[PDB]
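Residue numbers (full-length UniProt numbering), protein chains in the order written: chain A, 28 to 753; chain B, 28 to 753; chain C, 28 to 335; chain D, 420 to 502.
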Amino acid sequence: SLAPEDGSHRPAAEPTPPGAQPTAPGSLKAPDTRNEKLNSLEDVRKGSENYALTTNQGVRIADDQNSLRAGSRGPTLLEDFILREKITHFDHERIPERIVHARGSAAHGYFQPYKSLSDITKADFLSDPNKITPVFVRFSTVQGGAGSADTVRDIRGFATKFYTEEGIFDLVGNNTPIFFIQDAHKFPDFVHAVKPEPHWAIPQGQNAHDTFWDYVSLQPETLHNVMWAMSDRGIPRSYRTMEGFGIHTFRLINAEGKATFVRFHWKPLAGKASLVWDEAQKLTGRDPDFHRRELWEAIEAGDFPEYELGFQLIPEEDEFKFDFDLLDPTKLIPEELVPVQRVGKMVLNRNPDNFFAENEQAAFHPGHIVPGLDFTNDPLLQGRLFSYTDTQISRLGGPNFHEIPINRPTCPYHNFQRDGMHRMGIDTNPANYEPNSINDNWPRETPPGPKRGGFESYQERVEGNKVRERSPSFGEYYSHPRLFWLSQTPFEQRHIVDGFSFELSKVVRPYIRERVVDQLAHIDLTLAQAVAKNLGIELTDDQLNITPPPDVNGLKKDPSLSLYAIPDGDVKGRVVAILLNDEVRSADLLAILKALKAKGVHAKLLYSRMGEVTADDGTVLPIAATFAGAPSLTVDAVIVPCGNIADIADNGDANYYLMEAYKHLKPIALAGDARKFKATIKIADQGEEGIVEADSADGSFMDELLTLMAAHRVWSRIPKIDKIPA
Amino acid sequence: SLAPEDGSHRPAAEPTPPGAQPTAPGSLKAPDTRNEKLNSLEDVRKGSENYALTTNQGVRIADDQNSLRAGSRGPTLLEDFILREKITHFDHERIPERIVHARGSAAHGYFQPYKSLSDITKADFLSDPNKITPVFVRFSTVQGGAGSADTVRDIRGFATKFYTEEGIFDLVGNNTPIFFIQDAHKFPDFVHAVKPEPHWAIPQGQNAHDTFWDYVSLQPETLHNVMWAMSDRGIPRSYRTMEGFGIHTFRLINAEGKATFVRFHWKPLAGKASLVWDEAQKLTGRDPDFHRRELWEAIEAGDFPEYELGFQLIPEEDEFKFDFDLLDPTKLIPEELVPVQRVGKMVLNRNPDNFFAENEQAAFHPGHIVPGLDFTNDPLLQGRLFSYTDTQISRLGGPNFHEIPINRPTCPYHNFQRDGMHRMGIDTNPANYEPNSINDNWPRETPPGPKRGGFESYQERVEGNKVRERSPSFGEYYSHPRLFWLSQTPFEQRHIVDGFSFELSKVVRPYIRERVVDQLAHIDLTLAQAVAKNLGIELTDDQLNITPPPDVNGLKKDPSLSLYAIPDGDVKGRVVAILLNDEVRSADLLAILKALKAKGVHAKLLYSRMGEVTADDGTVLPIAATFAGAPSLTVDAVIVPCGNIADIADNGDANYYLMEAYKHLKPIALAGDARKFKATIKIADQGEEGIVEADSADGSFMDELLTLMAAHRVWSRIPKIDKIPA
Amino acid sequence: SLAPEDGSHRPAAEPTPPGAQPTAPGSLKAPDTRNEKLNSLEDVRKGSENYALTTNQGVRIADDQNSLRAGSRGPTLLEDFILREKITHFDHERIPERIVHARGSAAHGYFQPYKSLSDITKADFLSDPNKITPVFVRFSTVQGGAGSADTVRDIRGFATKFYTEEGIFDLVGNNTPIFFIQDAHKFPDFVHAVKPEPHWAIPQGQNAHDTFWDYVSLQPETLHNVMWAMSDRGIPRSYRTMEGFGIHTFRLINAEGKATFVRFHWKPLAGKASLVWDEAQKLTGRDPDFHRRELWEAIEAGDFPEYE
Amino acid sequence: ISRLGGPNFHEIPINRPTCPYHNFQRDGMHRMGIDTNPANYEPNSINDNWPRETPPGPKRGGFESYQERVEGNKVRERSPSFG
Ligand code: HDD
Ligand code: HDD
Ligand code: HDD
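1) Indicate, with yes or no, if ligand 1 has a heavy atom lying under 7 Å from the CB of residue 167 of chain A.
2) Excluding five sequence neighbours on each side, which residues of the same chain lie with their C-beta closer than 7 Å to the C-beta of residue 191 of chain C?
3) How close, in whole Å, do the beta carbons of residue 462 of chain D and residue 456 of chain D come, if the pair is a contact with beta carbons under 8 Å?
4) Would you check whether ligand 3 has a heavy atom nearer than 7 Å to the C-beta of residue 199 of chain C?
5) Name the one or two DSSP bridge partners that residue 630 of chain B has.
6) By how many angstroms is the C-alpha of residue 746 of chain A removed from the C-alpha of residue 541 of chain A?
7) Helix, strand or coil for residue 422 of chain D? Go by DSSP, reduced to three states.
8) In the structure shown, what three-state DSSP assignment does residue 242 of chain C receive?
9) Using 8 Å as the limit for Cβ to Cβ distance, is residue 103 of chain C near chain A?
10) From this set, A/427, A/384, A/44 and A/419, which residue's C-alpha is nearest residue 446 of chain B's C-alpha?
11) Determine the closest residue to residue 158 of chain C out of C/145, C/238, C/200 and C/73, with distance taken between C-alpha atoms.
12) Give the straight-line distance between the Cα atoms of residue 763 of chain A and residue 313 of chain A, rounded to the nearest whole angstrom.
13) Let me know the secondary structure DSSP gives residue 249 of chain B once reduced to three states.
14) So, at 6 Å on beta carbons, what are the nonlocal neighbours of residue 687 of chain A in its own chain, with the 5 sequence-adjacent residues on each side left out?
15) Of the choices C/131, C/102, C/136 and C/82, whose alpha-carbon is the least far from that of residue 110 of chain C?
16) Please find out if some non-hydrogen atom of ligand 1 comes closer than 7 Å to the beta-carbon of residue 407 of chain A.
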């Protein structure tokens with residue numbers, strides 16, 4: 028037996044904070060967390076303890092350490108079927124990654140509505156506040172491969188599979204309310220442009236290259252989502268702290284046959300929070316798995332990710348009332364014009380058991396709708412309906428991808444489809460066609476109706492000639508980017524300017540930079556000038572005279588477009604670094620930990636080596652990581668307790684930890700002699716907002732620290748950070 | 028409702044004779060038949076009665092008769108996800124067929140040994156006469172595609188999957204005791220030669236072409252199996268009436284580690300029985316699915332195929348005691364030298380539910396052995412071990428083919444292998460490697476032992492240089508073909524001559540026919556001359572003087588090599604055509620059927636049209652088929668009762684029916700005025716052996732017919748048949 | 028050398044009647060028959076005479092008769108890359124057959140118009156009677172597998188790939204002028220009904236079974252093509268002696284943008300001819316490759332299949 | 420066979436030998452080479468046995484494995500020399 032005597036190999040099957048235990052498969056970490064979908068997977072879950080090691084054919088293996096050979100230094104024999112089986116399975120482990128959103132992290136959970144929606148939709152999963160729908164959610168980046176980093180600048184995917192009693196509904200959205208392009212025909216052009224360039228396959232996880240900015244400069248329809256991507260929305264703090272949007276206008280259909288246009292929203296109950304670019308970029312090197320880790324850990328802690336589903340609803344007769352087209356996926360519907368109605372709440376409360384089996388193989392597709400929903404003519408949505416069925420044939424090996432356990436409906440499914448590679452279902456129906464008399468026509472079509480009815484499309488009127496033509500109503504490109512711009516706070520606007528400036532500086536062909544700046548001059552001259560200045564470009568007189576686009580139905584701003592303008596801070600689940608010394612004042616630590624615990628904020632104890640340090644009263648303190656092994660990038664705030672400060676005062680890593688946290692606008696709190704660190708970050712004696720300081724870590728010290736953490740970052744420190752060499 | 032009111036759409040769920048009921052899926056036909064494998068497939072069985080028609084996502088379909096279009100004469104819309112799911116699944120229904128043995132028919136059953144064989148093998152499925160092992164058996168041809176015909180001349184496959192408590196054991200045999208080639212390296216050559224020629228892909232299901240005989244003429248090692256293939260062995264009457272052989276010498280390993288050499292045998296308990304060539308050929312056109320049908324129908328009738336497993340056993344110290352090499356797969360072990368020891372019984376007692384899911388997807392592989400068996404150095408076996416794992420990666424879509432339900436072990440299987448296309452099992456093991464401490468090293472290796480132990484190879488001595496060399500001991504090609512020839516009856520010899528003669532007639536390049544005749548001169552000059560003559564070839568003086576090969580260890584014949592030398596007829600499950608007239612004598616019919624029922628022989632009632640006829644006494648006789656629709660090819664004998672014989676006396680089809688049966692040596696019985704039909708087949712007034720005749724269909728009229736049926740065909744008739752124009 | 032002294036192994040590279048010579052690959056049989064498409068395949072045609080036997084990696088093989096083994100009666104060694112490459116390629120030879128029309132026989136040829144059609148179509152291949160368009164035609168049955176018999180009673184497929192100067196045009200037709208069903212949504216139902224039944228996979232190449240007639244009895248729209256299949260149309264004598272049809276109304280469009288409705292037809296210059304049922308069925312047993320053989324041999328003889 | 424889709428990965432252009440390659444292997448997914456050999460097997464008379472095996476020799480000969488002596492029992496055992 029190889030496990031240590033003390034059982035420390037095995038994580039407690041209780042919720043634990045990040046770092047307290049090794050992470051573990053969901054069914055072993057939280058065996059009592061159940062929902063209908065998780066239970067239905069039980070047929071295929073395979074354990075291991077107490078079982079003999081076998082081939083795939085069930086033959087017990089005596090010696091899994093050696094190939095069969097003729098003498099112990101001789102050649103390997105072809106009759107070694109144990110070796111070849113094991114090697115063959117290994118040799119064929121990989122499947123094709125997703126064409127886009129290959130990098131993503133998933134969890135199980137459940138959803139339920141706040142109130143019946145049967146007045147506007149007959150969808151069963153929205154019909155009853157006490158009917159729970161299992162869900163499986165995958166969050167993702169867009170451009171990079173499955174082994175790329177999490178904290179890149181990109182759009183994020185937010186895909187939700189609802190295993191309803193009337194079929195799978197997949198709501199396949201992103202973290203911004205519009206897309207870069209109008210018609211699915213251009214998707215491969217756009218994606219080829221954003222992806223690594225085809226000669227050398229560079230760069231990974233980055234829009235900062237010529238082809239992407241070339242396409243942008245030539246396709247101003249992209250400018251709206253480009254603005255969102257260049258803002259801090261492009262670098263979320265966590266999948267828990269971003270919005271999700273279905274982007275397209277869909278339809279809701281009630282039992283009376285009435286259609287209402289809807290756009291879908293997820294509101295993060297943990298609040299909206301993003302990183303800053305220097306931090307996000309360096310975090311792709313220090314921990315390329317930061318978002319994956321953080322989501323998995325939040326769930327093991329009990330800090331379940333929660334989202335509120337919301338609908339913008341527009342009656343059918345109001346289709347043409349806005350000064351943008353509701354079917355144009357590059358246009359958003361301002362919440363100032365159409366409020367988001369809250370619809371229900373989704374809680375993600377268990378991680379998967381096997382990433383490959385459940386995450387990699389999950390197939391989400393926006394064509395998977397249920398009665399009570401329907402599509403519209405959105406020309407991007409229309410082409411998506413073709414892609415997500417078609418792509419699984421190579422990705423998942425064939426047309427039986429719905430039989431892969433994660434994908435299976437929990438409701439009944441019966442039909443006359445047969446065969447296909449890796450067919451699991453053994454059909455006993457004498458008939459494989461309909462109409463049939465030999466099985467009395469079963470399974471049977473079901474008329475549409477109020478509940479449990481067959482699917483019928485809404486009978487929308489279609490009147491037009493067969494054309495390949497963009498609707499003229501889609502031909503407006505600048506007003507929504509401007510509305511976005513004007514709705515950001517001054518610091519968010521600076522971050523946008525810095526995002527464009529950084530990205531365009533990596534574009535080798537200078538005319539491409541110029542052409543993008545010219546597009547910026549059509550949105551906002553202040554933005555265009557600020558970017559131009561960073562690129563050493565001077566706007567021409569004509570560019571300076573470009574008339575700014577019109578307001579969006581009278582709006583000069585909409586604060587819901589900003590991450591930060593309206594506070595919605597939630598510290599629960601956030602994490603603080605506590606920089607230890609070899610003689611910690613235990614009275615400081617006790618007060619620190621008590622206040623953090625009261626607000627559900629986690630701590631990591633850091634030192635210049637691993638092992639333990641002993642505090643002033645004999646308490647043995649285990650060290651989670653070194654200053655260098657768990658950098659300030661990975662925490663929300665830094666606290667330094669008193670004690671033997673001379674131990675760490677001249678440690679370069681400890682000093683840098685504070686300089687890096689300071690530059691990235693994080694709250695820092697310094698107790699007792701830790702106040703000596705004020706010098707490294709140039710804080711004046713009288714102190715400064717964003718640095719908490721006191722003789723000791725009392726209740727007052729922690730309240731203030733906790734208040735700053737609720738506001739996420741110390742924006743008012745931005746003018747002070749260009750001086751700092753960090 | 029589309030089913031008829033009287034419920035006649037639904038086959039009776041009880042044993043019925045062939046043709047009495049429509050055929051049905053095995054679990055609907057025989058719900059009460061069970062074994063441990065059939066029980067374990069229950070989780071994937073899908074019903075159909077009383078369920079709604081859905082998409083694969085569980086969405087109820089309202090209209091499964093139309094596409095979604097813009098207006099009822101308008102274009103189809105891309106948003107029709109119900110149409111595209113359904114067409115996509117249809118578009119990807121097919122998977123590659125097997126490289127060889129693509130054509131095959133399969134049934135579930137069970138095996139039981141007669142007694143424990145623990146003194147000679149530790150194999151668990153042979154350890155206890157009470158231990159019953161589920162099986163799945165697939166029988167097949169070799170050459171033709173999945174859509175080729177059953178009653179071709181070819182070798183047959185007889186593949187058995189034993190679902191043992193210690194793993195899957197696949198016994199992958201043929202119906203002749205040798206193979207055509209010695210070393211696996213030549214398999215693609217031989218198989219390319221026998222297969223349709225690569226320019227034009229002709230001929231299907233036939234060795235009667237130039238490239239096959241070219242190869243054979245250049246590779247005399249193939250002559251042994253060619254003799255079998257050219258005999259009536261190449262055209263079995265039924266998969267129930269052929270022998271099976273593992274071909275190779277394998278090893279049994281007992282609990283003390285002692286190795287015994289073994290060759291595997293299957294003895295058909297329904298006896299040995301073949302067609303004649305003209306019958307077999309025509310039958311590929313009248314019913315290309317005859318063996319598949321016959322197998323399914325035997326099982327639905329309760330005429331379950333039964334086979335006895337037997338072992339020829341040779342002590343290790345006897346390896347070199349014979350004139351041929353035990354490892355040479357072109358050599359048989361005469362039963363006169365090493366008898367077949369009976370081991371156990373196998374009964375196939377349930378048809379599959381879905382042919383594709385269970386039969387097409389089944390993967391058999393002779394490397395799938397269990398503790399208590401091991402391989403030898405037979406260099407054809409040796410290369411087989413590589414192929415049957417390899418081929419599944421394309422054929423079945425990847426390395427998880429063991430998770431396709433029909434292939435799954437019923438015993439436990441646990442290991443560290445992960446991922447791969449269409450992965451079903453969701454592993455919860457924190458470790459995916461060993462050795463590991465984080466799961467205490469589970470699943471763990473198991474030392475070899477008397478039972479329930481790990482697989483260890485037998486420590487055979489290997490000594491020699493790395494060579495691509497054939498063993499000189501394999502370089503004798505004629506003595507076995509000669510023993511086979513001399514062991515055949517004179518009519519079986521005639522049929523061999525005529526098999527070579529017909530096949531060689533289809534070889535377009537005359538020099539190939541001559542080179543084959545030259546090879547036959549090395550085996551037996553009588554055989555060679557008879558073939559030569561049918562080809563217009565004259566043997567040279569040299570050829571006439573070739574010394575015949577030596578006998579095999581003193582044997583100048585072994586009658587176990589003959590199909591018919593030793594009668595072993597069983598009539599149960601055979602079929603008789605009864606040719607009706609419009610006024611049948613009912614006393615004749617009652618007597619016929621009563622005698623047939625007593626012996627388990629089935630009957631089909633034929634006429635010139637469908638519907639019914641009424642017998643002299645008013646009895647209504649249902650007609651199964653017309654004379655033309657169910658030709659004599661498909662039955663084992665023909666009886667014509669009295670009645671209004673004038674009604675059919677001038678019917679070409681009815682006359683021909685008798686001529687065809689007469690030509691193919693089948694028993695024919697004629698009662699009262701049905702004796703008029705003697706003219707059509709030119710029978711003397713005093714009658715002849717093989718034609719039963721009498722005033723009325725009893726006393727001993729049925730005993731005599733039933734006695735002819737036990738002898739299978741009327742061999743004495745052979746000189747009489749060249750006369751008849753049929 | 029294994030060939031016979033008198034060279035009778037090699038068929039003459041000149042047209043010869045059926046059975047006179049062994050049949051051969053088309054470029055060895057008729058080396059001077061050329062068209063643009065046939066010439067464009069020259070980069071991928073591989074010969075054989077006078078070349079050494081190699082692996083796929085170009086390594087010359089000394090002994091293509093034996094695996095590598097420890098002793099001449101010993102076990103086969105994993106390091107035998109020659110054997111494993113050869114057996115790997117063999118083990119993966121097959122690809123999925125077509126879902127329908129899996130059984131079919133194909134030939135190269137050419138098309139030429141009788142006159143310019145630019146009044147009714149701007150299609151480039153129809154613009155000038157001197158425009159020669161290479162074609163590749165595959166004839167087929169519908170129901171049976173790639174390995175089933177040719178002279179079954181079935182509809183026949185007649186597919187022509189036109190390699191035009193402005194794109195490939197595939198005219199994918201059958202030998203009757205209608206289809207069994209009205210709407211593509213029902214194609215998997217019709218095809219499952221006609222194909223071998225799912226419990227036992229019987230029968231091959233035949234509509235003569237319960238599920239086919241069940242569907243037909245419940246879907247009267249099928250009756251028209253059913254009538255054609257039940258006539259001697261369902262049993263052609265030869266792919267050379269049957270009609271072809273596109274079935275659908277399509278449109279021609281001319282340079283002015285005017286649309287004309289068109290249905291396509293192929294008229295066989297060898298005339299129309301079919302077997303009788305008893306002969307056809309029996310022929311599926313005596314020569315299940317009869318139509319494939321007869322097409323190949325007509326072309327080798329110079330009886331070129333011609334269609335208008 | 421999975422990564423590159425089948426047994427014809429050698430016909431993907433980067434992977435192709437620049438020297439001659441001829442054999443009796445046929446078919447497989449994505450088959451590019453169109454073989455004109457009347458024979459797809461050896462030994463064959465119908466194409467005078469071409470392409471032909473080549474004896475090993477000093478230059479341009481067939482591959483033959485070094486005849487290293489093998490001696491021992493069939494074992495799954497690590498050599499003690501590796502320990
Ligand atoms: C016509 C092509 C096409 C277009 C126009 C879109 N996508 Fe898409 N999307 C795909 C074709 C596709 C795909 C190729 O089918 C993917 C990759 C593999 C897969 O399973 O689906 C995919 C994956 C994918 C995923 C990952 C799902 C998962 O986690 O497995 C998300 C979140 C989105 N997409 C979201 C969007 C949004 C919000 C779009 C515009 C509003 C959008 N896609 C446009
Ligand atoms: C080295 C390659 C090789 C050689 C020398 C053999 N075979 Fe084989 N055999 C295969 C390679 C193979 C295969 C390519 O792996 C097949 C085709 C598809 C499959 O799953 O296995 C196969 C299938 C196959 C089947 C069909 C199993 C089923 O019904 O699915 C049978 C009965 C046999 N073989 C029997 C034999 C016997 C008795 C042989 C000589 C003693 C033999 N094979 C030599
Ligand atoms: C909705 C599906 C569907 C429908 C309604 C049809 N087919 Fe089809 N057809 C196919 C789906 C298909 C296919 C599944 O896509 C095939 C099978 C394999 C392939 O490559 O294409 C095919 C093959 C195929 C072939 C063989 C081409 C070849 O030789 O490779 C012919 C001649 C036709 N079809 C002709 C027709 C005609 C004349 C139809 C009715 C007017 C028809 N098909 C309806």
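Cβ coordinates follow ideal geometry from the N, Cα and C atoms, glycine included.
Taking the definition as stated:
1) yes
2) 151, 152 and 160
3) Rounded, the Cβ-Cβ distance is 13 Å, inconsistent with contact.
4) With a cut-off of 7 Å, the C-beta of residue 199 of chain C is classified as near ligand 3, since at least one heavy atom of the ligand falls inside that distance.
5) B/603
6) 28 Å
7) coil
8) helix
9) Yes - at least one Cβ of chain A is within 8 Å of the one on residue 103 of chain C.
10) A/384
11) Put simply, of C/145, C/238, C/200 and C/73 the residue whose alpha carbon is nearest the alpha carbon of residue 158 of chain C is C/145.
12) Since the first and last residues shown for chain A are 28 and 753, residue 763 of chain A lies out of range.
13) helix
14) Once the five neighbours on either side are set aside, the close Cβ partners of residue 687 of chain A are 659 and 753.
15) C/82
16) yes
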